[PDB]
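As structure tokens, the structure follows; a few thoughts come after it.
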Amino acid sequence: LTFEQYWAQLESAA
Amino acid sequence: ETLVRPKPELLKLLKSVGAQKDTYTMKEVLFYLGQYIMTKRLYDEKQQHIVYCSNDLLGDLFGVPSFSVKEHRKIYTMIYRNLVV
Ligand SMILES: *N(C)CC(=O)NCc1ccc(CNC(=O)CN(*)C)cc1
């Protein structure tokens, strides 16, 4: 969903 | 990958959605926190980058009534205040 797609972007910064 | 240590209140939040350890990678901390926000439906159904946390333990730990998932540096800073030095 749209929440899960925004949260995946934080993951990229790790 | 580097291991970090949650303070006792943040630890209890991660263990409420299945976590089994005392130390985690930052990718593992972000996995369990995301599963917590979605199972308690704290995200706004219409505008899904906004999280509303005034009436949850997450708001007491972060010191805010709400935050945006777009603000990457602010979210990493709120997590760091809740790790053992
Ligand atoms: N949201 C629609 C529910 C869902 O499909 N969950 C599956 C899910 C959720 C979170 C992750 C985390 N992925 C990673 O760690 C990859 N980034 C490094 C995976 C699957």
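Naming scheme: A, B, ... for chains in displayed order of the structure tokens; residues 1 onward per chain; ligands 1 onward as shown.
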
For range 34-42 of chain B, work out the shell of residues within 9 Å, counting only C-alpha atoms and skipping chain neighbours fewer than 3 positions away, then give it as JSON, numbers by chain. {"A": [3, 4, 7], "B": [13, 14, 16, 17, 29, 30, 31, 45, 50, 51, 52, 53, 56]}

Environment of ligand 1 within 7 Å, counting only C-alpha atoms and all ligand atoms, reported as a PyMOL selection string: (chain A and resi 1+4+8+11-12) or (chain B and resi 27+31)

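Comparing B:9, B:19, B:75, B:3 by their smallest distance to residue 60 in chain B, the closest is B:9 (using only C-alpha atoms).
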
Sorted by chain and rising residue number, list the residues of chain B at most 8 Å from chain A (counting only C-alpha atoms), each with its closest atom pair and distance in Å to one decimal, as a Markdown table.
```
| residue | atom | partner | partner_atom | distance |
| --- | --- | --- | --- | --- |
| B:26 | CA | A:14 | CA | 6.7 |
| B:27 | CA | A:14 | CA | 6.4 |
| B:30 | CA | A:11 | CA | 7.1 |
| B:34 | CA | A:7 | CA | 7.2 |
| B:43 | CA | A:3 | CA | 7.2 |
| B:48 | CA | A:3 | CA | 4.9 |
| B:49 | CA | A:3 | CA | 5.9 |
| B:69 | CA | A:6 | CA | 6.3 |
| B:70 | CA | A:6 | CA | 7.1 |
| B:72 | CA | A:10 | CA | 6.2 |
```

When you draw a straight line from CA of residue 11 in chain B to CA of residue 61 in chain B, how long is it in Å?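 Taking CA of residue 11 in chain B and CA of residue 61 in chain B, their separation equals 11.5 Å.
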
Identify, on the basis of only C-alpha atoms, every residue whose closest approach to residue 62 in chain B does not exceed 7 Å; exclude the query and any residue fewer than 3 positions from it along the same chain; express the result as a list in words. residues 58, 59 and 78 of chain B

Residues from the last selection, N, CA and C atoms, saved as an mmCIF file, in the first residue's frame:
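Written output follows (part24.cif):
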```
data_model
loop_
_atom_site.group_PDB
_atom_site.id
_atom_site.type_symbol
_atom_site.label_atom_id
_atom_site.label_comp_id
_atom_site.auth_asym_id
_atom_site.auth_seq_id
_atom_site.Cartn_x
_atom_site.Cartn_y
_atom_site.Cartn_z
ATOM 1 N N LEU B 58 4.307 5.238 21.321
ATOM 2 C CA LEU B 58 5.292 5.787 20.279
ATOM 3 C C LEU B 58 5.421 7.330 20.400
ATOM 4 N N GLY B 59 4.297 8.026 20.647
ATOM 5 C CA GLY B 59 4.314 9.497 20.843
ATOM 6 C C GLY B 59 5.062 9.951 22.103
ATOM 7 N N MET B 78 15.228 10.745 16.119
ATOM 8 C CA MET B 78 14.230 10.269 17.170
ATOM 9 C C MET B 78 14.595 8.835 17.646
#
```

Select from chain B everything DSSP, run on the backbone, classes as helix (DSSP H, G or I), then give the selection as a ChimeraX atom specification. /B:8-15,26-39,57-62,72-80

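With only C-alpha atoms taken into account, the protein and nucleic acid residues at most 12 Å from residue 84 in chain B (excluding it and anything under 3 positions from it in its own chain) are residues 3, 4, 5, 6, 7, 8, 9, 10, 11, 22, 23, 79, 80 and 81 of chain B.
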
Keeping C-alpha atoms, export the residues of the selection given above as a PDB file, in the first residue's frame.
```pdb
ATOM      1  CA  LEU B   3      24.587  -3.950  15.909  1.00  0.00           C
ATOM      2  CA  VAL B   4      22.735  -1.303  18.142  1.00  0.00           C
ATOM      3  CA  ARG B   5      21.101  -1.680  21.650  1.00  0.00           C
ATOM      4  CA  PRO B   6      17.485  -0.363  22.338  1.00  0.00           C
ATOM      5  CA  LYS B   7      16.635   1.274  25.799  1.00  0.00           C
ATOM      6  CA  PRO B   8      14.026  -0.751  27.856  1.00  0.00           C
ATOM      7  CA  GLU B   9      10.801   1.043  26.611  1.00  0.00           C
ATOM      8  CA  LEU B  10      11.746   0.813  22.820  1.00  0.00           C
ATOM      9  CA  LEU B  11      12.726  -2.918  23.390  1.00  0.00           C
ATOM     10  CA  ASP B  22      18.564  -7.741  22.936  1.00  0.00           C
ATOM     11  CA  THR B  23      20.570  -6.143  19.893  1.00  0.00           C
ATOM     12  CA  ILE B  79      15.443   6.557  17.062  1.00  0.00           C
ATOM     13  CA  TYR B  80      19.058   7.539  18.251  1.00  0.00           C
ATOM     14  CA  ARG B  81      17.635   9.345  21.434  1.00  0.00           C
TER      15      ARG B  81
END
```

Using only C-alpha atoms, which residue out of B:2, B:82, B:20, B:46 lies closest to residue 63 in chain B? B:82

Could you pull out the strand (DSSP E) residues of range 7-70 of chain B, going by DSSP on the backbone, and write them as number ranges by chain? B: 50-52, 66-68

Using N, CA and C atoms, can you export the residues from the last selection as a compact mmCIF listing (two decimals), in the first residue's frame?
```
# COMPACT_ATOMS: atom_id res chain seq x y z
N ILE B 50 1.55 10.43 6.51
CA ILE B 50 1.29 11.03 7.89
C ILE B 50 0.98 9.91 8.92
N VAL B 51 1.73 9.91 10.04
CA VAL B 51 1.50 9.07 11.23
C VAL B 51 1.00 9.93 12.42
N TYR B 52 -0.18 9.57 12.97
CA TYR B 52 -0.86 10.20 14.18
C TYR B 52 -0.61 9.32 15.45
N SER B 66 2.46 13.87 16.06
CA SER B 66 2.46 13.36 14.61
C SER B 66 3.82 13.68 13.95
N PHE B 67 4.13 12.99 12.83
CA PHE B 67 5.38 13.14 11.97
C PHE B 67 5.08 12.62 10.53
N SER B 68 5.90 13.05 9.54
CA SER B 68 5.88 12.62 8.09
C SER B 68 7.03 11.63 7.79
```

Point out the residue among B:57, B:32, B:85, B:1 with the least atom-to-atom distance to residue 18 in chain B, counting only C-alpha atoms.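 The shortest atom-to-atom distance to residue 18 in chain B comes from B:32.
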